[PDB]
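A.B. asks: Protein chains in written order, with the working numbering: chain A, 8 to 977; chain B, 8 to 977.
Virtual Cβ for every residue (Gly too), placed ideally from N, Cα, C.
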Ligand SMILES: *[C@@H]1O[C@H](CO)[C@@H](O[C@@H]2O[C@H](CO)[C@@H](O)[C@H](O)[C@H]2NC(C)=O)[C@H](O)[C@H]1NC(C)=O
Ligand SMILES: *[C@@H]1O[C@H](CO)[C@@H](O[C@@H]2O[C@H](CO)[C@@H](O)[C@H](O)[C@H]2NC(C)=O)[C@H](O)[C@H]1NC(C)=O
Ligand SMILES: *[C@@H]1O[C@H](CO)[C@@H](O[C@@H]2O[C@H](CO)[C@@H](O)[C@H](O)[C@H]2NC(C)=O)[C@H](O)[C@H]1NC(C)=O
Ligand SMILES: *[C@@H]1O[C@H](CO)[C@@H](O)[C@H](O)[C@H]1NC(C)=O
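(1) In the DSSP assignment, find the unbroken alpha helix (DSSP H) run with residue 79 (chain A) in it and report its ends.
(2) Can you tell me whether DSSP reads residue 400 (chain A) as helix, strand or coil?
(3) The beta strand (DSSP E) spanning residue 320 (chain B) covers which residue range?
(4) Could you tell me whether the Cβ of residue 325 (chain A) comes closer than 8 Å to any Cβ of chain B?
(5) In the stretch 280-305 of chain A, which residues sit with their C-beta less than 7 Å from some C-beta in chain B, listed in chain order?
(6) Does residue 713 (chain B) pass the burial test, meaning 16 or more other C-beta atoms within 10 Å, or should it be called exposed?
(7) Within 8 Å of any Cβ in chain A, is that where the Cβ of residue 354 (chain B) sits?
(8) Given 7 Å as the limit, tell me if residue 76 (chain A) has its C-beta closer than that to any heavy atom belonging to ligand 1.
(9) Whose beta carbon lies closer than 6 Å to any heavy atom of ligand 3, going through the chain in order?
(10) Can you check whether the C-beta of residue 640 (chain B) is within less than 8 Å of a C-beta belonging to chain A?
(11) Do you know offhand how far residue 486 (chain A)'s Cα is from residue 410 (chain A)'s?
(12) Kindly say whether residue 567 (chain B), judged by its beta-carbon, lies nearer than 8 Å to any beta-carbon of chain A.
(13) For chain B, check one thing: does any of its Cβ atoms lie closer than 8 Å to the Cβ of residue 195 (chain A)?
(14) What residue from A:235, A:241 and A:242 has the CA that sits closest to residue 248 (chain A)'s CA?
(15) Identify the contact partners of residue 329 (chain A) in chain B, using a Cβ-Cβ distance below 7 Å as the criterion.
(16) For residue 272 (chain B), return the contacting residues in chain A, with the cut-off set at a CB-CB distance below 7 Å.
(17) Ligand 4 and residue 493 (chain A): does the residue's C-beta get closer than 7 Å to at least one heavy atom of that ligand?
(18) For residue 661 (chain B) versus residue 583 (chain B), is the C-beta spacing smaller than 8 Å?
(19) Got a sec: does ligand 4 put a non-hydrogen atom nearer than 7 Å to the Cβ of residue 550 (chain A)?
(20) Is there contact here, the stretch 91-111 of chain A with the stretch 346-363 of chain A, by at least three beta-carbon pairs under 8 Å?
(21) Less than 8 Å between the CB atoms is what I'm expecting for residue 564 (chain A) and residue 517 (chain A), so what's the real figure, rounded?
(22) For ligand 1, which residues count as neighbours when the test is a C-beta closer than 5 Å to any heavy atom?
(23) Can you find a C-beta in chain A that's less than 8 Å from the C-beta of residue 400 (chain B)?
(24) Would you list, in sequence order, the uninterrupted beta strand (DSSP E) runs of no fewer than 3 residues that lie entirely inside the stretch 680-750 of chain A?
(25) Could you compute how far the alpha carbon of residue 1018 (chain B) sits from the alpha carbon of residue 602 (chain A)?
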């Protein structure tokens, strides 16, 4: 069974006077089981719906035959009643559409001045709803024309004419037109005669007589038309504006009837109409305040509740002005009662009972409407039933421990729990406690307390019992707790956790660190197990680091019971990271660094070491401070020893006795702000290069040697003994040379050079001061008295005089150019001497060839001109014939080889000696022997069977073509 | 309907051979609806329970008529079947009690040596259960005697004599005695002849032949009897002990059958029997392992579950050895399947179906028993019903926001949710999201989504729908967020929170600080509200202190939505308390303090001040520290300027720009370690006191000035010009005097004194060095030539000579003792002089009285002896008579009074002058005038009409009694 919820509710109807329908159907039907009897209210009094009267109840719907205004106007309200409860439908305000005949008094004629406006009232009769107005210039259907001169009001119905003349006279009357659901009716008014006085020929101010009202209250969605009609001479314009904002541009008109099609909450504000002509102005202000019909936000639903519970029914509604939410119970109003609290808002039941069952209604209300929301409260009384939440049937307990056994059945209301051990009914005492929600508490469990525990349940509906079996075991306790420990990094540490338990059961050890479980199977695994038995749970931390410090909880558990002990391990006293490296006090080579502190678990910080780099070019090398060991309580120390014009990043390392710690993040890229150079140019050399010019050369210097901005070289050069110093000022790094030449500077001139650097703010220090000379030129003095003589077939000797010193500088050597007989100078071979010698030897020549020799002189700059020539002829070639009649005699340790001397031909040279290569069986390499005559002796030992003898000639002709003689000993 | 759960279960029966009952009755009945069919199993296969056979099913209970060993001995098991499921009862091991007849083989006679022990076997037959053995020395009922020589075994039953002789011979026989449930049977064995050899007359070792076994496996509650019987000459003692502990003393016997009535788990261990006599010893070892039947811990219950859900039934048991928990479904074994997972432990269903409904049994098993636990799984297929968790019937939304509409009915299985906007069905797109669990997600909601949303639900069971109204409202947003702020203590601060919302609803502001709600109504309230409108919700913190800083969260809420912004306020950068102040480096006046850091939020710590007290005597004053302001990075400064011996507690104060901070907890009660005094005793004085003795008096000198331990005073005293110094050494502070007197020291002797202090380790500094004298004594020289003369009636003058200097010291004055004529020295009046005068005046005397005058001399010590006496007589009294014949004459400004002179009597003195007092009308006080004759002139002005004149006499006799004259002018 359920209470009545509506499917259709009664609507407000507009019944016309000229209706073709004799009945009014106010529809109401609510679904129900059993189907409801339906009562109707009229103005708070109940309608006696007798059969055969004019107010019949046809199917629930109220049918009213032939209504008139003094009998059936009012408010109507459907009440659906079953014996669950009574609900109230929303109110149907039955309004009568009627149009009365016009006012039959003899109205006065209207007198006004010509040239002004005129004011004729309509005086409309009593009506519903709001009429539409036009007037009549004559009989029907001759209306007033619609223009900018005649203005018809839809609020008061009067026609407003701005300026009148004598063509506007006519048969003036009012007219009304109403459009309704079943009929259309219009009715003519009384005759109005208008008379005009003499003409006031002036130009004057506008006078707005049609006033749009001061607080126009609109609902959301109502069409609102404001009116601002003006008198005056001449014709005024009408402007509409918004004072506190701007008009929305979907309906902006320059018309005296401003029409909004749908008024919403953004159109609320202060409005202004302005009339203005050529001679005056008039301003009229007003307001539109937008209100709302109530709509629901949070309503109530059909809740199933137990007897005795706390039920809070919140119910809220939104609308403008904000709705007084009130409550109905079963068609009657519900105030605050003995168990019922209404805060005009939530409905809070203190203790529920079975007389609170019924249809309750949330009603919201303001002056624009009244809305309703129904719910059923079904208060239920139940038997206790243990099929959803019973007592635990087969129960563990420990010896010396605690047991929480609840007995909470699905009972409405809260059942009387009387515990029993078998047949013995348990009473509260010093050991056994029956808490009156149902929970039995037994302290100090032994083996006399095991048994068959039955929880009884009782309310007025019925009874049930649920029976649990208590078994007493041994208690799991830790016999050897893990103690606190203090280690280092890299140490191994076990934590002892033995346990003792009942030997029927099983015992697992779970170790938790800071209430997170231990992952034994991590890659790079640290935690491992030692000494496996059943009841030994020793975790051994292997290669302990900083994340293994914290609280340890060895939980020995069975499936029924758990016991835990506490251990606290602290691993390293960490030389940790400092944070926020702040660079202060920026100087030339002096810079201030400040940092944060580290950590002090085992030990406080012993020292701070300081590091720097030039990023990204340079790396981390240790820089110097004063004091040279930074003391460990100092968060700031100042650092020296810097080389400027590089960017820098600074980090700091904390240290302890447990190892030098990992460093911090470096600081910001701080800029050096120098004012001085201090590094001299190195690698200074001078002299040489171009002839006649002073060229000084030196090394390039990179970024660590230059110091600062505006870098270049100051090379200072002057003549030895001169009183004038010349200074070169060239910027850049690539200019590693300077050339000075002048018309008064000759070759071999001594100069004094030194070099320093410069920057934007100073001059550099001095280099090595040395005396250099200007470079020499190529010579012009030829060699004299060149005489040549051949000494062999491939060598000749060329001699020349030691010549005088040239004007172009320093002579260093001589150059020999030579070519054959009949050849030229362009195919010559050029052989230079190693020094200033008066003679040299031309070697590598052909035999019997005449040569032409020219001697030139050279130095470092170039080669001078040629000498007068000399001629020489090489010696004859050696003879290609072998020596004849070769004989040999052996001995016990020697071999003597004799031969005839060589007689040459006419084109061959003489032989003054012989050379011989000798190879035997015991050696793989030949040996050289020399002689001056035609016989020789060589040692041959007794193991040699045969030998290889090659005989060639030597002398002034050169080495000849050798023979090859094979000598067998036996 | 429900499956079968058992009420009675089949017990294992022991059916004897001599039973009076022709049947066995293994009972099995389970409660059911529809009622269960009971099948039976025997040796792993089913019993064909035909009617009319020997295996009848009477009511579910199996009745077997006339059982024998080869036909019906086995394992019986009841199966209760309904079409919910099938359960299996636990096994009834039907074992038979039987006693077979004895061995009919011709057994051999037992032969051993006399003087030894002998073992006669029983050879017991096949039997069940465990027999009780007694024996036969003769025919029945002549048994063996029970003593400490015949030993009765229960495991093997053989005969054990410790020492035999020839009186133990006879026709030996075994016997057995079994006690059963329905019968008692005892049968007789074969005859045994005992023959013995010649006697081995020796004393030898014990020999335990009857050995208690190597692992005796006991259950919990079984009675265990071990056996240790020994041979030997003489008869040995039998001791039982536990090897790994001690025996429990409730059953300790010095008997060869160790008897435990109930073996529990504390008897598990190794056991030891020791046989020992006068000539040898024997030891044997064994063990008792206590095992257990399985009992349950966590079982399974009757669970209704939805189709398609995940279900985990855990099931665990306790017992030794630990039970292989396996599963039965419907009387058949249940392995791991496609949806059913068995881990031999918990049972996991992946996806349920309707074919998984049935009775499931959980079976625990070892070698000591098998236990069962039944449960029902009822897989429910349900229609979707929205009567318990519907769709929200009236849904509010924000424009531009977000809504989640869940559709989760009570449906088995998970229903198909297909949302609709009325009749238009909803497809997933980029704006509307229909999730497969049922939640409809609409982002960026405008007023085209306002509608009548219907959730649909579909499975194979049925169709249901629930319908919700979506209304589209404007979003609550914050137009002016609260910004972060930086203040001081004592500054006022307003956090702006303007909101914007639709005008139908109401807008409340909840301000939460660090997710705790702000209490405006605290005593000493700081948070107040400013500038009240509807949508303006700014909070103003007034007198803001240090707990008002943190995360502020302004939450504008309606009842349908919320909007929150964050503001962070920092209030003061505190000079907080430093914690754990540590005193190091304990010296004399130098002491080292180290403390912790504070806070640096606004500003860091500018300075540290150090204060101290001496508790409970001294208070908090600022002590001096080098350096004179402690810098803000310094946690350690050295503090000086202390006064020693005293206990101290040192407190530290941090300070900054924002005020002098709250001071810390002070340190420990630290004690300095001084060894030097530096304060001389002040206020030094000498002289006076006792006569003839040198007494030095000075100020007692308190414990803030005394410095070190072992305190006392060194007073150094010597004679002026003496070469010997005397030094006093008195400890204690109350001795403020020292007396030196000697036989060679006379009065008026000069002395030189100075004082210093001492302690345990040194001497104090010098005081003021002054020359004092020894104190004088009382004199002995009398005054000489005392002469007296009266000068008036009340005065006389006593003169004496200036006497010489006494031997007792210094004279300072004189003392006059005087009494009347006839009186004595004991009632005399004593008048002392103020110095060394030669004359003094005794005044205050009576007229006409003779006096006796004695003059003594005095000083500071005492008064010396008397002089020779002198006598003097005072003169006559003044006359008491008034002056007669008083006449007066007035003038313009004066009054002259004349009188006769006074003629005295013979006992009265003469009158040489007059004194008078005058009082008039204009003055309230009298005025005194003097005259030397018998007339006087007084000034009387003209306004005085009455005068008061009193006239008395004066002279050498004294002032007389006045008269009283009243003078009237007119
Ligand atoms: C029920 O209530 C309505 C409203 O109070 C009554 O209607 C009014 O009747 C008088 C006289 O006929 C009119 O002047 C009012 O203008 C009516 N007001 C409205 C809002 O219609 C009605 O008469 C009451 N019914 C009865 C039977 O008295
Ligand atoms: C056993 O102990 C409980 C707890 O001490 C008792 O419960 C209290 O009963 C009174 C009266 O109903 C309540 O006002 C208390 O609040 C209860 N205490 C708690 C903690 O719930 C209980 O009454 C005792 N049983 C008997 C039979 O006396
Ligand atoms: C509407 O959106 C949801 C969420 O994106 C879609 O649900 C997913 O469907 C597939 C196929 O069943 C699942 O594998 C995913 O896990 C689902 N996502 C989530 C978050 O649960 C849904 O299919 C979409 N609707 C339609 C009609 O396409
Ligand atoms: C214990 O620690 C040391 C140092 O870390 C290590 O060398 C050693 O191998 C560790 N012991 C074991 C058993 O791993």
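C.D. replies: For this structure:
(1) Unbroken alpha helix (DSSP H) run through residue 79 (chain A): 76-79.
(2) Note: residue 400 (chain A) maps to coil in three-state DSSP.
(3) Element bounds for residue 320 (chain B): 318-320.
(4) When Cβ-Cβ separations below 8 Å define contact, residue 325 (chain A) makes contact with chain B.
(5) Near chain B, meaning a CB-to-CB distance below 7 Å, the residues of the stretch 280-305 of chain A are 299, 302, 303, 304 and 305.
(6) Its Cβ being crowded by 16 or more others within 10 Å, residue 713 (chain B) is buried.
(7) Contact of residue 354 (chain B) with chain A is not assigned, every C-beta pair being separated by 8 Å or more.
(8) Indeed, a heavy atom of ligand 1 lies less than 7 Å from the Cβ.
(9) With 6 Å as the limit, the residues whose C-beta approaches any heavy atom of ligand 3 more closely are B:435, B:440, B:441, B:442 and B:443, in sequence along the chain.
(10) For residue 640 (chain B), the closest Cβ of chain A is nearer than 8 Å.
(11) Roughly 22 Å separates the two Cα atoms.
(12) True, the Cβ-Cβ gap to chain A drops below 8 Å.
(13) Residue 195 (chain A) does not count as touching chain B.
(14) Closest option to residue 248 (chain A), Cα to Cα, is A:235.
(15) 513, listed in chain order.
(16) Residue 272 (chain B) reaches chain A at 510, counting residues in chain order whose Cβ is nearer than 7 Å.
(17) Outside the cutoff, so no.
(18) Contact flag set, yes.
(19) Answer for residue 550 (chain A): yes, Cβ within range of ligand 4.
(20) No: fewer than three Cβ pairs fall under 8 Å.
(21) Taking the Cβ atoms as the reference, residue 564 (chain A) lies roughly 6 Å from residue 517 (chain A), within the contact range of under 8 Å.
(22) Ordered along the chain, the selected set is A:50, A:80 and A:81.
(23) With respect to chain A, the C-beta atom of residue 400 (chain B) has a partner C-beta closer than 8 Å.
(24) Residue ranges of uninterrupted beta strand (DSSP E) with 3 or more members, entirely inside the stretch 680-750 of chain A and ordered along the chain, are 701-704, 719-726, 733-738 and 744-747.
(25) Absent from the structure is residue 1018 (chain B), since the part of chain B shown begins at 8 and ends at 977.
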